[PDB]
Amino acid sequence: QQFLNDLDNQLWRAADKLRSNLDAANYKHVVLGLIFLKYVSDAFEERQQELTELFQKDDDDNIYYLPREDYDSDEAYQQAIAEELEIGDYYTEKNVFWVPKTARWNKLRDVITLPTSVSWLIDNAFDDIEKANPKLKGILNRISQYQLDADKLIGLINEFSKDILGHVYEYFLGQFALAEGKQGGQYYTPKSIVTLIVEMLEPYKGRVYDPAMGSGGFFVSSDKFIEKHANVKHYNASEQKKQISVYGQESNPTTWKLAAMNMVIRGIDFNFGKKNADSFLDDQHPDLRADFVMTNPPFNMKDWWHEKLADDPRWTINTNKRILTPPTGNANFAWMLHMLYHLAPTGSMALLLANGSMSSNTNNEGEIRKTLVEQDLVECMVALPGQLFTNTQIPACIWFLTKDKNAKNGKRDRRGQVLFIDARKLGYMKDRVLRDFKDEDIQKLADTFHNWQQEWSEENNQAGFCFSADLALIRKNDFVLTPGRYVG
């Protein structure tokens, strides 16, 4: 297809040759913040452009039109145009943010002058951009802190000189994830897994929630999912995205800004709460009951429990009240439970976790894994290749849960039932050891699991790959939910 992979690489290498002393953790903020700054301009300078034509278009069905005949000179017509531009409504109406004189990219490349730092300029631009668009307050990672050499910054600005930057932002974000040696869904979830979960979830309409979002990869994924299914579905993708509202939370201060920066580039409306904050200690969405819940939280989280959490409603399952002792030495099930509590009665949730999840008895996980099942909340379990490109140092699996296993909207009454799949062999060798999925692998798994929702009997089982269990057989397998048990 395209240059994007090549273009990632061409900008990436040029951005590497300029990385000097900076720890990835700090450099990324210079690069990504810079990318953001090019986006906001382009979109704006493009919207100024497209308005420069609509004012001048002589057509009655056009409402933007400034009649030249109403004026007495060219220059006097230009002045009216220029003032009409200064009407903020035209930028908010298509989701363009006001970029002041100062912040504008095209202006900054040329401002070489002399000392009269260039780092001052960017930072000041961000500043200038923020006061102009309250919706964007706090979000811009300032880059004075990270004390890079001006000529590297200059050279950086030269190297970046509309549809694309989204891809060209999430690559860097991914690649700065790798090169920082910072692992976990709070830092980065690769496209594969995030496209799988989303594809299995099918977030068409409703409130979408991630309670530990990281850079918000799932929300990008969610948004794209709508786009690529538009045709076959025969809706208008632009209008379909209005049927989803985005809720999220993330406790890491800079990651929260990385996420908000990402949603803007993707032109996605977002609620990420008042501020970055712990989900357990300060749930930002205390009354959200979301339709889709999707997350890749930090695995085996220690240090998360506090006395003030005992007798949190989140530890009490409510299915047609069960009170669970929460796993104080590992947040894995706490997350799930938090997600569940925030799950509509018609909802579907999916999360990535460590395989231990499926068979460990530590941390009150046997009891919890028993109750979740006994109550028919678990809908599907996937095992993922240990080798899989997962950004996790500990190998992973997906849990899928519903509150509503009833026969509805295409799907059949599958109460008591659980679809196990083993994806251990699927995918291709990313490097010497890693594995990744192409959308064909994804597709299989998407398509398999939906069908089990739509029609399934012992014939559809597929030795080594999938199997359908009910409450009974899992009670014999002692609530161990590892797909390996159930087929081969």
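Along the sequence shown, residues carry numbers from 1. When reading the values below, keep in mind they use all heavy atoms of this one structure, side chains included, and skip hydrogens, waters and symmetry mates.
Within 6.0 Å of the CG atom in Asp311, the count of heavy atoms belonging to other residues, nucleotides or ligands does not exceed 12. Annotation: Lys408, atom NZ; neighbour count of heavy atoms from other residues, nucleotides and ligands within 6.0 Å is above 12. Taking a 6.0 Å sphere around CZ of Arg19, one finds it holds 12 or fewer heavy atoms contributed by other residues, nucleotides or ligands. Around the CZ atom of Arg207, the shell of radius 6.0 Å holds no more than 12 heavy atoms that belong to other residues, nucleotides or ligands. Other residues, nucleotides and ligands place no more than 12 heavy atoms under 6.0 Å from the CG atom of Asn409. Within 6.0 Å of NZ in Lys241 there are more than 12 heavy atoms belonging to other residues, nucleotides or ligands.
Using a cut-off of 4.0 Å between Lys/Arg side-chain N and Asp/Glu carboxylate O, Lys224 and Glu199 are scored as not salt-bridged. Using a 4.0 Å cut-off between charged side-chain N and carboxylate O, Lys257 and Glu250 make no salt bridge.
Between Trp315 and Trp305, the ring planes lie tilted relative to each other; the angle falls in the 30° to 60° range. Using the six-membered ring where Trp is involved, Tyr235 and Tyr204 have ring planes that are perpendicular, over 60° apart on the 30 and 60° scheme. Ring geometry, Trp98 versus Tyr91: the interplanar angle exceeds 60°, so the pair is classed perpendicular (tilted spans 30 to 60°). Taking the six-membered ring for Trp and thresholds of 30 and 60 degrees, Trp335 and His338 have ring planes more than 60 degrees apart, a perpendicular arrangement. Classified by interplanar angle (parallel below 30°, tilted 30° to 60°, perpendicular above 60°), the ring pair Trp304/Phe280 is tilted. The aromatic rings of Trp12 and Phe172 lie tilted to each other, with the angle between the two planes from 30° to 60°.
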#### Entry: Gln240/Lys233 under side chain to side chain contact (heavy atoms under 4.5 Å, CB included): CA gap, chis, key distance, verdict
CA-CA 11 Å; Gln240 192 60 270; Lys233 305 286 148 187; over 6 Å; no

### Message
If you apply the rule side chain to side chain contact (heavy atoms under 4.5 Å, CB included), what do you find for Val30 with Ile122, and how did you get there?
### Response
CA-CA 10 Å; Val30 164; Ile122 306 303; over 6 Å; no

### Message
Run the salt bridge (charged side-chain N to carboxylate O under 4.0 Å, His left out) test on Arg266 and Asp223 for me, step by step, so that the C-alpha distance in whole Å, both residues' side-chain angles and the decisive distance to 0.1 Å come before the verdict.
### Response
CA-CA 8 Å; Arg266 287 290 166 173; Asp223 203 48; over 6 Å; no

### Task
Starting from the C-alpha separation in whole Å, work towards a yes-or-no answer on side chain to side chain contact (heavy atoms under 4.5 Å, CB included) for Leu11 and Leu7.
CA-CA 6 Å; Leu11 276 156; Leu7 190 264; 3.5 Å; yes

### Task
In sequence, state the C-alpha distance, the side-chain angles, and the governing distance for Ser144 and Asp123, and then conclude on side chain to side chain donor-acceptor pair (under 3.5 Å).
CA-CA 7 Å; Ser144 304; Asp123 211 312; 2.5 Å; yes

### Task
Just do the side chain to side chain contact (heavy atoms under 4.5 Å, CB included) check on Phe299 and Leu353 with the steps written out, would you?
CA-CA 6 Å; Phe299 293 174; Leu353 284 182; 4.3 Å; yes

### Task
Apply the test ring-ring contact (aromatic ring centres under 6.0 Å, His included) to residues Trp105 and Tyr39: give CA-CA distance (whole Å), side-chain angles for both, the deciding distance (0.1 Å), then the verdict.
CA-CA 9 Å; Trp105 184 276; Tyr39 173 82; over 10 Å; no

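Between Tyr209 and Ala290 the shortest heavy-atom distance is CB-CB, 3.6 Å. Scanning all heavy atoms of the two residues, the minimum distance from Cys397 to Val382 falls at CB-O, 3.2 Å. Residues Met261 and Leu140 share a closest heavy-atom pair of CG-CD2, 3.9 Å. Looking at every heavy atom in both residues, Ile226 comes nearest to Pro203 through CD1-O, 3.6 Å. Pairing each heavy atom of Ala350 with each of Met339, the nearest pair is O-CE, 3.9 Å. When every heavy atom of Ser222 is checked against every heavy atom of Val208, the shortest pair comes out as OG-CG1, 4.0 Å.
Taking CG from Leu32 and CG from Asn141, the interatomic distance works out to 8.5 Å, rounded to the nearest 0.5 Å. Atom CD1 of residue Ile197 and atom CD1 of residue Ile442 lie 11.0 Å apart, to the nearest 0.5 angstrom. Note that CG of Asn363 and CD1 of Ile368 are 8.5 Å apart. Values are rounded to the nearest 0.5 Å. With rounding to the nearest 0.5 angstrom, the CD1 atom of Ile35 is 10.0 Å from the CD atom of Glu170. Rounding to the nearest 0.5 Å gives a distance of 15.5 Å between CZ of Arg47 and CG of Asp42. For the atom pair NE2 (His29) and CG (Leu22), the distance works out to 10.0 Å, reported to the nearest 0.5 Å.
The list of salt bridge (charged side-chain N to carboxylate O under 4.0 Å, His left out) pairs with a residue in residues 273-283, not counting sequence neighbours, reads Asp283-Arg314. Pairs engaging residues 358-385 under the salt bridge (charged side-chain N to carboxylate O under 4.0 Å, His left out) rule: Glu374-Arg475, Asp376-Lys405, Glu379-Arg414 [sequence neighbours left out]. Residue pairs meeting the ring-ring contact (aromatic ring centres under 6.0 Å, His included) criterion with at least one partner in residues 404-438, sequence neighbours excluded, are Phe420-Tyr486.
Side-chain contact check for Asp404 and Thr346: no donor-acceptor pair (N or O, by modelled atom type) lies under 3.5 Å. In summary, the side chains of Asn276 and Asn252 do not present any donor paired with an acceptor at a separation below 3.5 Å, with no hydrogens or angles considered. Between the side chains of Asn406 and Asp413, not a single donor N or O lies within less than 3.5 Å of an accepting N or O. Defined by atom type and a distance below 3.5 Å, a donor-acceptor pair is missing between the side-chain atoms of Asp439 and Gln443. Checked by atom type, the side-chain pair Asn124/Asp128 shows a donor-acceptor distance below 3.5 Å.
Remark: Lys182 fails to qualify as a cation-pi partner of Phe176 under the 6.0 Å distance and 45° angle criteria applied to the six-membered ring. Cation-pi geometry between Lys430 and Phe389 is met: the NZ or CZ atom falls under 6.0 Å from the ring centre, inside 45° of the normal.
Listed by chain and residue number, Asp422 satisfy the side-chain hydrogen bond (donor to acceptor under 3.5 Å, both in side chains) test with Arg424 (two or more places apart in sequence, or in another chain). Applying the side-chain hydrogen bond (donor to acceptor under 3.5 Å, both in side chains) test to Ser221 and every residue at least two apart in sequence or in another chain returns nothing. Scored by the salt bridge (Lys or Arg N to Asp or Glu O under 4.0 Å) test, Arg289 finds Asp287 as partners (sequence neighbours excluded).
No side-chain heavy atom of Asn330 sits under 4.5 Å from any side-chain heavy atom of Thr362.
For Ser279 (side chain) and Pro211 (main-chain N/O), a donor-acceptor pair under 3.5 Å exists by modelled atom type. Looking at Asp210, its side chain does come within 3.5 Å of a backbone N or O of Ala212 through a donor-acceptor pair. The main-chain N or O of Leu434 is found under 3.5 Å from a side-chain atom of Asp431 such that the two form a donor-acceptor pair.
Remark: aromatic rings of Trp399 and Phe333 are close, center separation under 6.0 Å. With ring centers used as reference points, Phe225 lies under 6.0 Å from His229.
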